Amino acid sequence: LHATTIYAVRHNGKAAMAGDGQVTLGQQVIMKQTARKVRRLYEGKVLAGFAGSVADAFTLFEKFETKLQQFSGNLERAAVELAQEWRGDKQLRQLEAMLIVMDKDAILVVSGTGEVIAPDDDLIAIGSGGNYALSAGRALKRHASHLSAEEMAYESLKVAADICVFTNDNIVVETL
């Protein structure tokens, strides 16, 4: 199962999170080409991304939004509380997929092992072509800083689309 590719980056006082739309089951059959797995939370102030199952993304998004309300949009505090509740859930603890959360000032990666990580260079990618978009993003962040955060999000996913068969160019960028 491949449920789209998501790339997040904070750059030049702005924040963007983009994703393609290809959903592929197995190794050969495409089921959707215009999916949108990027979800806005907390009155449009928080962008969250999960390239896993819809059943798991629904439980995690509902619990992260719940924790965001408890701590009044505190991204860091709500992420570490969701992480231990993630690890506490014995159905969600088996999940190897990671969860990206970000507001205006921070990007965080949340794991089922309870780990909360701020990624190096303020960018991270998930999904089938995530490691490809992550590589393009590190290059653009270091050698093409003239691009905006939104341009970096689209261009890195565009590179992943031209290389990965499980990633298309139906890219939608969400900006805070």
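In case it trips you up, residue 1 is the first one in the sequence shown, and so on.
Averaged over CA atoms, B-factors in the entry run higher in 46-54 than in the other of 46-54 and 135-143. Taking the PDB entry as given, 86-94 carries the higher mean Cα B factor of the two stretches 100-108 and 86-94. You'll see in the entry that, of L25, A18, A15, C164, the Cα B factor peaks at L25. When the C-alpha B-factors of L123, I126, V29, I117 are read from the PDB record, the largest value belongs to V29. Among all modelled residues in its chain, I171 ranks in the middle third by Cα B-factor. Among all modelled residues in this chain, the alpha-carbon of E65 has a temperature factor (C-alpha) in the middle third.
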